[PDB]
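The block underneath contains the structure these notes are about, expressed in structure tokens.
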Amino acid sequence: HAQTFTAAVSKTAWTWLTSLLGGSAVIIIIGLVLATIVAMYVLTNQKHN
Amino acid sequence: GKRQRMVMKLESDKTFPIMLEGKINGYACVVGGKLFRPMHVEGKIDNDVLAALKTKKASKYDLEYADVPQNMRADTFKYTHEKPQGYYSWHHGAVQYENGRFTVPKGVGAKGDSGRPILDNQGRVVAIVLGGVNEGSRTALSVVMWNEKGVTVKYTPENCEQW
């Protein structure tokens, strides 16, 4: 036969790739959303004076 | 006339200058059990008790703060958030509070008078002078103040010069 790339990768190996490689992106984008919400809240309470 | 005398009588013991090789460049503030002191004014505290402490920093709000001990909390300034528009007392006379902005007439204002608190007709600190910008005939102030919720608001006009 003819070999392929990503031919012997198991569904366990795809799980340990995906849950540790896209989960990092999920953590960094919820860090961005949390920082944006904190910045907007602190600037919103400042508007009164 | 008598307004400067009232400022000198209220700010006699509670106001301590900042020394830097004999030069007076700023003034700290002792209010609410807290010691307010800016970033750009660098030097040694003239008081012996307030100098041997550790001040937590806030570079965005331009303030260093510390904890005054319990044996000195009664001899502090007063503070409030309820403030109407009009006139207020300042060390060089009067200051106008219009549209949420502090304005000082020209002639006064140099490097060294940073940290002087703004008083009212009762004797409560409403703002802390940090910087100033020359606007036509009547300069504007870049100060900090409080509100009803309890958030320290820093007001800063455009192109200010730190004092």
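So the sequences go chain by chain: V and X.
Residue numbering for the first sequence follows the numbering used here, starting at 11 and increasing by one per position.
Residue numbering for the second sequence follows the numbering used here, starting at 1375 and increasing by one per position.
The C-beta atom is built at its ideal place from N, Cα and C for all residues, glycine as well.
Check	Outcome
Beta carbon proximity, X/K1376 to chain V, threshold 8 Å	no
Sequence-distant residues of its chain with Cβ nearer than 8 Å to X/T1450 (five each side left out)	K1388, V1404, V1405, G1406, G1407 and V1442
Exposure of X/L1493, with buried meaning 16 or more beta-carbon neighbours within 10 Å	buried
Identity of the residue in X/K1434, X/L1427, X/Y1453 and X/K1397 nearest X/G1417 by Cα	X/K1397
Residue-chain proximity (X/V1527, chain V), Cβ-Cβ < 8 Å	yes
Beta-bridge partners of X/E1535, as assigned by DSSP	X/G1506
Inter-residue Cα distance where the pair is V/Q56 and X/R1512	25 Å
Alpha helix (DSSP H) segments (min. 4 residues) lying fully within the stretch 1398 to 1474 of chain X	1422 to 1425
Best match in X/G1505, X/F1390 and X/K1431 for proximity to X/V1423 [C-alpha to C-alpha]	X/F1390
X/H1465 classed as buried or exposed, judged by whether at least 16 other C-beta atoms fall within 10 angstroms	buried
V/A18, DSSP secondary structure in three states	coil
Under 8 Å by beta carbon: chain X residues contacting V/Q13	The contacting residues do not exist; V/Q13 stays about 58 Å from chain X at best.
For X/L1515, the first and last residue of its enclosing beta strand (DSSP E)	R1512 to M1519
Contact residues within the stretch 1508 to 1522 of chain X, judged by C-beta distance below 9 Å to chain V	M1519, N1521 and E1522
Within-8 Å CB hit, X/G1474 to chain V	yes
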